[PDB]
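Below: input34.cif (mmCIF, C-alpha atoms and all ligand atoms)
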data_coords
loop_
_atom_site.label_atom_id
_atom_site.label_comp_id
_atom_site.auth_asym_id
_atom_site.auth_seq_id
_atom_site.Cartn_x
_atom_site.Cartn_y
_atom_site.Cartn_z
CA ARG S 1 0.00 0.00 0.00
CA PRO S 2 1.16 3.68 -0.52
CA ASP S 3 3.23 5.75 1.97
CA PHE S 4 0.42 8.07 3.09
CA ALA S 5 -1.61 5.13 4.46
CA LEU S 6 1.09 4.45 7.08
CA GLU S 7 1.44 8.11 8.12
CA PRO S 8 -0.16 9.26 11.46
CA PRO S 9 -3.44 11.32 11.30
CA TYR S 10 -2.85 15.06 10.75
CA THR S 11 -5.15 17.47 12.62
CA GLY S 12 -3.48 20.52 11.10
CA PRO S 13 -3.16 24.15 12.32
CA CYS S 14 -6.85 25.11 11.94
CA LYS S 15 -9.25 24.98 14.87
CA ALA S 16 -12.51 23.48 13.57
CA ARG S 17 -13.72 20.06 14.79
CA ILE S 18 -14.35 18.04 11.62
CA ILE S 19 -14.66 14.24 11.89
CA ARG S 20 -12.67 12.58 9.10
CA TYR S 21 -11.48 9.02 8.39
CA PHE S 22 -7.92 7.66 8.21
CA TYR S 23 -6.20 4.25 7.91
CA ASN S 24 -4.37 2.83 10.93
CA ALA S 25 -1.32 0.72 10.00
CA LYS S 26 -1.14 -0.77 13.52
CA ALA S 27 -4.77 -1.94 13.77
CA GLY S 28 -5.29 -2.50 10.04
CA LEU S 29 -8.71 -0.80 10.19
CA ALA S 30 -10.36 2.51 9.21
CA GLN S 31 -10.84 4.80 12.24
CA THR S 32 -11.96 8.40 12.93
CA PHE S 33 -9.96 11.50 13.94
CA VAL S 34 -10.44 15.23 14.54
CA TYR S 35 -9.41 17.32 11.54
CA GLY S 36 -8.82 21.04 12.03
CA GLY S 37 -10.20 22.32 8.73
CA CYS S 38 -7.16 23.20 6.61
CA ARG S 39 -3.95 21.77 5.07
CA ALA S 40 -5.05 18.11 4.92
CA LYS S 41 -2.60 15.32 4.21
CA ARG S 42 -3.55 12.38 1.96
CA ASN S 43 -4.60 10.03 4.82
CA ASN S 44 -7.77 12.10 5.28
CA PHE S 45 -11.11 10.89 3.84
CA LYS S 46 -14.73 12.11 3.96
CA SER S 47 -16.28 8.61 4.09
CA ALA S 48 -15.46 5.10 5.41
CA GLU S 49 -15.90 3.40 2.01
CA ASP S 50 -13.60 5.93 0.28
CA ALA S 51 -10.90 5.02 2.83
CA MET S 52 -11.37 1.25 2.26
CA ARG S 53 -11.12 1.63 -1.55
CA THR S 54 -7.91 3.72 -1.70
CA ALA S 55 -6.05 2.29 1.33
CA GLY S 56 -7.43 -1.24 1.83
CA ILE I 1 -10.39 26.10 25.22
CA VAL I 2 -7.41 24.73 27.19
CA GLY I 3 -6.72 26.01 30.72
CA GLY I 4 -9.92 28.01 30.91
CA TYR I 5 -12.98 27.93 33.14
CA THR I 6 -16.68 27.24 32.67
CA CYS I 7 -18.43 30.48 31.66
CA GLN I 8 -21.27 31.66 33.90
CA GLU I 9 -24.61 30.59 32.36
CA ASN I 10 -25.46 32.94 29.47
CA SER I 11 -22.65 35.44 30.26
CA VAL I 12 -21.49 35.25 26.61
CA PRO I 13 -24.89 35.87 24.82
CA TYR I 14 -23.28 36.56 21.43
CA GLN I 15 -21.64 33.12 21.21
CA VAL I 16 -23.18 30.73 18.72
CA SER I 17 -22.50 27.12 17.75
CA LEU I 18 -22.27 26.08 14.08
CA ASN I 19 -23.80 22.62 13.66
CA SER I 20 -24.10 20.32 10.61
CA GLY I 21 -25.00 17.22 12.63
CA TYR I 22 -22.53 17.93 15.45
CA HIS I 23 -20.79 21.07 16.77
CA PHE I 24 -17.84 21.92 14.49
CA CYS I 25 -17.19 25.68 14.90
CA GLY I 26 -18.13 28.78 16.86
CA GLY I 27 -19.30 32.20 15.74
CA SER I 28 -20.56 35.59 16.93
CA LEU I 29 -23.95 37.30 16.49
CA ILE I 30 -23.42 40.88 15.18
CA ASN I 31 -27.06 41.82 14.41
CA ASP I 32 -30.43 39.99 14.47
CA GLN I 33 -29.81 38.33 11.06
CA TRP I 34 -26.01 37.99 10.75
CA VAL I 35 -23.29 35.82 12.27
CA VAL I 36 -19.52 36.21 11.80
CA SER I 37 -17.20 33.17 11.83
CA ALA I 38 -13.96 31.88 10.24
CA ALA I 39 -13.81 31.05 6.52
CA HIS I 40 -12.26 27.62 7.19
CA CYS I 41 -15.54 26.74 8.99
CA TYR I 42 -17.30 26.72 5.58
CA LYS I 43 -19.88 23.98 4.95
CA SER I 44 -22.67 24.04 2.31
CA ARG I 45 -25.37 23.52 4.97
CA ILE I 46 -25.08 25.03 8.45
CA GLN I 47 -27.54 25.28 11.36
CA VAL I 48 -26.77 28.09 13.82
CA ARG I 49 -27.53 27.39 17.49
CA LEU I 50 -28.01 30.46 19.72
CA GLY I 51 -28.67 30.82 23.47
CA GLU I 52 -26.62 27.72 24.21
CA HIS I 53 -24.72 26.79 27.38
CA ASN I 54 -24.82 22.98 27.49
CA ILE I 55 -24.34 21.87 23.86
CA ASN I 56 -25.67 18.32 24.50
CA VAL I 57 -28.87 18.98 26.55
CA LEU I 58 -32.00 20.95 25.52
CA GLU I 59 -32.31 23.71 28.16
CA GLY I 60 -35.24 25.62 26.63
CA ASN I 61 -33.50 28.96 25.96
CA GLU I 62 -32.10 27.94 22.56
CA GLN I 63 -32.95 29.15 19.07
CA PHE I 64 -32.14 26.88 16.10
CA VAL I 65 -31.92 28.80 12.80
CA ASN I 66 -30.61 27.65 9.40
CA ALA I 67 -28.06 29.55 7.29
CA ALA I 68 -29.61 31.25 4.23
CA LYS I 69 -26.43 32.78 2.73
CA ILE I 70 -22.80 31.90 3.55
CA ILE I 71 -20.31 34.54 2.32
CA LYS I 72 -16.56 33.98 2.69
CA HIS I 73 -14.03 36.80 2.23
CA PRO I 74 -13.11 36.95 -1.53
CA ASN I 75 -9.39 37.01 -0.67
CA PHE I 76 -9.42 33.99 1.70
CA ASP I 77 -6.34 31.78 1.30
CA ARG I 78 -6.73 28.09 2.29
CA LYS I 79 -2.98 27.60 2.73
CA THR I 80 -1.81 30.79 4.52
CA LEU I 81 -5.14 31.41 6.32
CA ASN I 82 -5.03 35.11 5.42
CA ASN I 83 -8.51 36.76 5.49
CA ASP I 84 -10.02 33.93 7.58
CA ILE I 85 -13.44 35.57 7.99
CA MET I 86 -16.95 34.54 6.89
CA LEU I 87 -20.43 36.05 7.19
CA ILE I 88 -23.57 33.94 7.66
CA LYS I 89 -27.05 35.35 6.98
CA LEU I 90 -29.78 33.60 8.98
CA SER I 91 -33.04 32.39 7.35
CA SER I 92 -35.17 34.34 9.83
CA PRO I 93 -34.37 37.12 12.39
CA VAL I 94 -33.57 35.92 15.92
CA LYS I 95 -35.37 37.04 19.08
CA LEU I 96 -32.99 39.21 21.10
CA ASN I 97 -33.14 38.73 24.89
CA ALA I 98 -30.76 38.27 27.89
CA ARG I 99 -29.63 34.84 26.60
CA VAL I 100 -29.27 35.95 22.94
CA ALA I 101 -27.56 39.30 22.25
CA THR I 102 -25.24 41.01 19.79
CA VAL I 103 -21.58 42.02 20.14
CA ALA I 104 -20.34 45.35 18.78
CA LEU I 105 -17.97 45.60 15.81
CA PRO I 106 -14.63 47.33 16.67
CA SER I 107 -14.30 51.12 16.72
CA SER I 108 -10.55 50.80 16.12
CA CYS I 109 -7.79 48.21 16.47
CA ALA I 110 -7.12 47.41 20.13
CA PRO I 111 -3.44 47.81 21.14
CA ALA I 112 -1.16 45.05 22.45
CA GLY I 113 -1.75 44.29 26.14
CA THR I 114 -5.55 44.71 26.00
CA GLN I 115 -7.30 42.01 28.06
CA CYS I 116 -9.85 39.94 26.17
CA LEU I 117 -12.36 37.12 26.61
CA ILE I 118 -12.16 34.02 24.37
CA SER I 119 -14.93 31.41 24.44
CA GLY I 120 -15.92 28.10 22.89
CA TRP I 121 -16.84 24.40 23.13
CA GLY I 122 -13.51 23.18 21.79
CA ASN I 123 -11.03 20.63 23.16
CA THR I 124 -9.82 21.32 26.73
CA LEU I 125 -6.59 19.29 26.56
CA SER I 126 -3.17 20.06 25.04
CA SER I 127 -2.52 16.31 24.74
CA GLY I 128 -5.59 14.14 24.19
CA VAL I 129 -9.28 14.87 23.51
CA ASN I 130 -11.92 16.08 26.01
CA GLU I 131 -14.94 17.88 24.57
CA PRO I 132 -16.95 19.91 27.16
CA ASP I 133 -20.73 20.06 27.44
CA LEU I 134 -20.56 23.56 28.93
CA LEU I 135 -19.21 26.76 27.33
CA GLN I 136 -15.61 27.48 28.32
CA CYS I 137 -14.09 30.93 28.84
CA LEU I 138 -10.54 32.33 28.87
CA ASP I 139 -9.13 35.72 29.87
CA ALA I 140 -6.09 36.46 27.69
CA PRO I 141 -4.23 39.52 26.33
CA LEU I 142 -3.53 40.70 22.77
CA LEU I 143 0.19 40.04 22.20
CA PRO I 144 2.72 42.42 20.51
CA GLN I 145 3.01 41.83 16.74
CA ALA I 146 6.78 41.31 17.16
CA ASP I 147 6.20 38.38 19.56
CA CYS I 148 3.58 36.88 17.20
CA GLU I 149 6.05 37.08 14.27
CA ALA I 150 8.83 35.57 16.44
CA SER I 151 6.56 32.63 17.34
CA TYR I 152 5.49 31.98 13.71
CA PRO I 153 8.35 33.10 11.33
CA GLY I 154 6.99 34.45 8.03
CA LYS I 155 3.47 33.10 8.63
CA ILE I 156 1.86 36.21 10.19
CA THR I 157 0.15 38.83 8.02
CA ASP I 158 -1.25 42.28 8.98
CA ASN I 159 -4.70 40.62 9.11
CA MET I 160 -3.65 38.39 12.02
CA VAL I 161 -3.07 38.89 15.74
CA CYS I 162 -1.74 36.62 18.50
CA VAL I 163 -3.77 36.38 21.72
CA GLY I 164 -2.59 34.28 24.63
CA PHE I 165 0.52 33.42 26.60
CA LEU I 166 4.04 32.71 25.31
CA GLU I 167 4.56 30.27 28.21
CA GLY I 168 1.58 28.24 26.95
CA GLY I 169 -0.92 26.37 29.14
CA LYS I 170 -3.91 28.50 28.07
CA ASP I 171 -5.21 28.70 24.44
CA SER I 172 -8.13 28.04 22.07
CA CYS I 173 -8.19 24.57 20.43
CA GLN I 174 -10.07 22.32 17.94
CA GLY I 175 -13.78 23.14 18.01
CA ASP I 176 -13.21 26.79 18.94
CA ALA I 177 -12.69 28.13 15.37
CA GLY I 178 -14.89 30.97 14.28
CA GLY I 179 -15.41 31.92 17.91
CA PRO I 180 -15.12 35.40 19.53
CA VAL I 181 -12.26 37.32 21.14
CA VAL I 182 -13.96 40.26 22.82
CA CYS I 183 -12.01 43.13 24.33
CA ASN I 184 -13.82 45.98 26.16
CA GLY I 185 -17.20 45.03 24.67
CA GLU I 186 -15.91 44.86 21.07
CA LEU I 187 -15.21 41.90 18.75
CA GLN I 188 -11.45 42.18 18.06
CA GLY I 189 -10.67 38.65 16.94
CA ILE I 190 -11.96 35.41 15.47
CA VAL I 191 -10.45 32.04 16.47
CA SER I 192 -8.41 30.87 13.49
CA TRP I 193 -5.23 28.79 13.84
CA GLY I 194 -2.11 27.82 15.76
CA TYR I 195 0.46 25.01 15.97
CA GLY I 196 -1.13 22.64 18.45
CA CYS I 197 -2.93 24.00 21.52
CA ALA I 198 -1.40 25.60 24.65
CA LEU I 199 2.18 24.84 23.59
CA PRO I 200 5.05 27.16 24.70
CA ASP I 201 6.16 29.73 22.07
CA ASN I 202 3.04 28.93 19.99
CA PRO I 203 0.07 31.11 21.08
CA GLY I 204 -3.17 31.05 19.08
CA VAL I 205 -3.44 33.19 15.92
CA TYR I 206 -6.67 35.10 15.34
CA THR I 207 -8.25 37.07 12.48
CA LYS I 208 -7.90 40.82 13.22
CA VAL I 209 -11.54 42.00 12.87
CA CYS I 210 -10.73 45.75 12.83
CA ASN I 211 -9.32 45.42 9.28
CA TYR I 212 -12.72 44.12 8.08
CA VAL I 213 -15.36 46.50 9.55
CA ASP I 214 -16.03 48.18 6.17
CA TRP I 215 -16.20 44.86 4.30
CA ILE I 216 -18.67 43.51 6.91
CA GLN I 217 -20.98 46.58 6.74
CA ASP I 218 -20.90 46.74 2.92
CA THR I 219 -21.70 43.01 2.58
CA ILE I 220 -24.62 43.21 5.08
CA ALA I 221 -26.12 46.22 3.24
CA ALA I 222 -25.82 44.54 -0.19
CA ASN I 223 -27.27 41.14 0.84
CA CA S 301 -28.49 23.38 25.06
#

Please lay out the structure from this file as structure tokens.
Ligand SMILES: [Ca+2]
Amino acid sequence: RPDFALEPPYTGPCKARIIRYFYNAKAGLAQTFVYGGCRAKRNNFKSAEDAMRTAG
Amino acid sequence: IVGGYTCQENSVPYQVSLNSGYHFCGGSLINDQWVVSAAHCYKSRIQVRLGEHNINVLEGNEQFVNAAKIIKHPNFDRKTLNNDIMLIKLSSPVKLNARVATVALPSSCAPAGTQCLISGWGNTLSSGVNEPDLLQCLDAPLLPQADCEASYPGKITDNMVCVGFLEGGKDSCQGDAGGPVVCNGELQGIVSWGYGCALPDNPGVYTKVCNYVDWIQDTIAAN
């Protein structure tokens, strides 16, 4: 799988509380995290099925 | 808000919660039909919740109103966060009382050292996540522009201001964006960004509202 899938979830500098999905390399499952609202990295998805398609 | 205290019930009547299924950002009521928030808090559909204290329990003093028009600043930059300001027109006028009130737009730019009040329902921890039910408050001063620039090299524009403590421990955090920074009864800042929350040498960065008074008034009159 690509390099971004193994990278830790990035909240970013912004201060909003937006629930986004990422892929955990340790657990091997798609979990949720708090995204700040700006400067997203690639391991940041809007839906659970969009995370499973690209990363799984 | 990290290192703050629980605000006295309805002591911040201008504070609103932006909700699209859950609380995601704050905002401030400036007149009976308009709310001001941060541009990064943009969503196509937003419900504005006024008269709130406990975000998770219906108290009976709340007013739920949908957003009719959402207008971001035309010069907003998603990367640099310059011009992080947004206006929200409500679908219907709100009923103004002791629980729901407006905050005044700034008469001028407040100088460094002015004590302000920051509020929100954001994360209360610097490390970890703890989302409060009750509205949190924080008394913090406007920092000198030189100290803001020293903390964030080449990232601070003239449309930004640092509010907080250089030692850390007290700051706004995730869930507080769009929220108010009120100094002497006037809205001087909007919660925008920062590197982490409550970290030493990294105070919160806020949108300097005094540079936008004319844009706000002209947009309200035209829409
Ligand atoms: Ca409530």

Write out as a compact mmCIF listing (two decimals) with C-alpha atoms, keeping the file's coordinate frame the residues lying within 12 Å of range 195-204 of chain I, counting only C-alpha atoms and excluding same-chain residues fewer than 3 positions away.
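The resulting file, around_29.txt, is shown below:
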# COMPACT_ATOMS: atom_id res chain seq x y z
CA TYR S 10 -2.85 15.06 10.75
CA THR S 11 -5.15 17.47 12.62
CA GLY S 12 -3.48 20.52 11.10
CA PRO S 13 -3.16 24.15 12.32
CA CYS S 14 -6.85 25.11 11.94
CA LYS S 15 -9.25 24.98 14.87
CA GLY S 36 -8.82 21.04 12.03
CA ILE I 1 -10.39 26.10 25.22
CA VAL I 2 -7.41 24.73 27.19
CA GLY I 3 -6.72 26.01 30.72
CA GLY I 4 -9.92 28.01 30.91
CA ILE I 118 -12.16 34.02 24.37
CA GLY I 122 -13.51 23.18 21.79
CA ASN I 123 -11.03 20.63 23.16
CA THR I 124 -9.82 21.32 26.73
CA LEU I 125 -6.59 19.29 26.56
CA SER I 126 -3.17 20.06 25.04
CA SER I 127 -2.52 16.31 24.74
CA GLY I 128 -5.59 14.14 24.19
CA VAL I 129 -9.28 14.87 23.51
CA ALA I 140 -6.09 36.46 27.69
CA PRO I 141 -4.23 39.52 26.33
CA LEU I 142 -3.53 40.70 22.77
CA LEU I 143 0.19 40.04 22.20
CA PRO I 144 2.72 42.42 20.51
CA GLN I 145 3.01 41.83 16.74
CA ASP I 147 6.20 38.38 19.56
CA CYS I 148 3.58 36.88 17.20
CA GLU I 149 6.05 37.08 14.27
CA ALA I 150 8.83 35.57 16.44
CA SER I 151 6.56 32.63 17.34
CA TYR I 152 5.49 31.98 13.71
CA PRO I 153 8.35 33.10 11.33
CA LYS I 155 3.47 33.10 8.63
CA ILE I 156 1.86 36.21 10.19
CA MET I 160 -3.65 38.39 12.02
CA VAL I 161 -3.07 38.89 15.74
CA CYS I 162 -1.74 36.62 18.50
CA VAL I 163 -3.77 36.38 21.72
CA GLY I 164 -2.59 34.28 24.63
CA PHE I 165 0.52 33.42 26.60
CA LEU I 166 4.04 32.71 25.31
CA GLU I 167 4.56 30.27 28.21
CA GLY I 168 1.58 28.24 26.95
CA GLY I 169 -0.92 26.37 29.14
CA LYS I 170 -3.91 28.50 28.07
CA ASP I 171 -5.21 28.70 24.44
CA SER I 172 -8.13 28.04 22.07
CA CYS I 173 -8.19 24.57 20.43
CA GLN I 174 -10.07 22.32 17.94
CA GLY I 175 -13.78 23.14 18.01
CA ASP I 176 -13.21 26.79 18.94
CA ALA I 177 -12.69 28.13 15.37
CA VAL I 181 -12.26 37.32 21.14
CA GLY I 189 -10.67 38.65 16.94
CA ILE I 190 -11.96 35.41 15.47
CA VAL I 191 -10.45 32.04 16.47
CA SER I 192 -8.41 30.87 13.49
CA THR I 207 -8.25 37.07 12.48

Go through the chains and note each residue within 7 Å of ligand CA 301 (chain S), using all atoms listed in the file, then give the set as number ranges by chain. I: 52-59, 62

Point-to-point distance in Å for CA of residue 33 in chain S and CA of residue 8 in chain S: 10.4 Å

What is the distance between CA of residue 182 in chain I and CA of residue 98 in chain I, in Å to one decimal?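 So the answer is 17.7 Å.
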
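Atom pair CA of residue 31 in chain I / CA of residue 95 in chain I: separated by 10.7 Å.
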
Distance cut-off 7 Å, centre (-11.1, 4.8, 10.1) in file coordinates, counting all atoms listed in the file: which residues qualify? Return them as a PyMOL selection string. chain S and resi 21-23+29-32+48

Let me make sure I understand: among S:39, S:20, S:1, S:46, which one has the smallest atom-to-atom distance to chain I if we use only C-alpha atoms?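 So, comparing all the options, the nearest one is S:39.
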
List every protein, DNA or RNA residue that has an atom no more than 8 Å from (0.2, 3.0, 12.7) in the file's coordinate frame, counting all atoms listed in the file, and report them as a PyMOL selection string. chain S and resi 6-8+24-27

Of the candidates I:121, I:76, I:42, I:24, which shows the shortest atom-to-atom distance to chain S, using all atoms listed in the file?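 The closest residue to chain S is I:24.
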
Using only C-alpha atoms, determine which residues lie at most 8 Å from residue 13 in chain I, disregarding the query and same-chain residues fewer than 4 positions distant; provide the list as a PyMOL selection string. chain I and resi 51+98-102

Looking at all atoms listed in the file, which of S:2, S:50, S:55, S:16 is the one that sits closest to residue 35 in chain S?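 Nearest to residue 35 in chain S: S:16.
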
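Of the listed residues (I:83, I:223, I:119, I:136), I:119 comes nearest to residue 26 in chain I; the distances count only C-alpha atoms.
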
Between I:37, I:6, I:20, I:184, which residue has the minimum interatomic distance to residue 117 in chain I, considering all atoms listed in the file? I:184

For each of I:211, I:63, I:97, I:80, take the minimum atom-to-atom distance to chain S, counting all atoms listed in the file, then give the residue where this is smallest. I:80

Could the centre and edge lengths of an axis-aligned box, enclosing all atoms of range 4-16 of chain I in the file with 5 Å extra on each side, be given in Å to one decimal as AutoDock Vina command-line options?
--center_x -17.7 --center_y 31.9 --center_z 26.3 --size_x 25.5 --size_y 19.3 --size_z 25.2
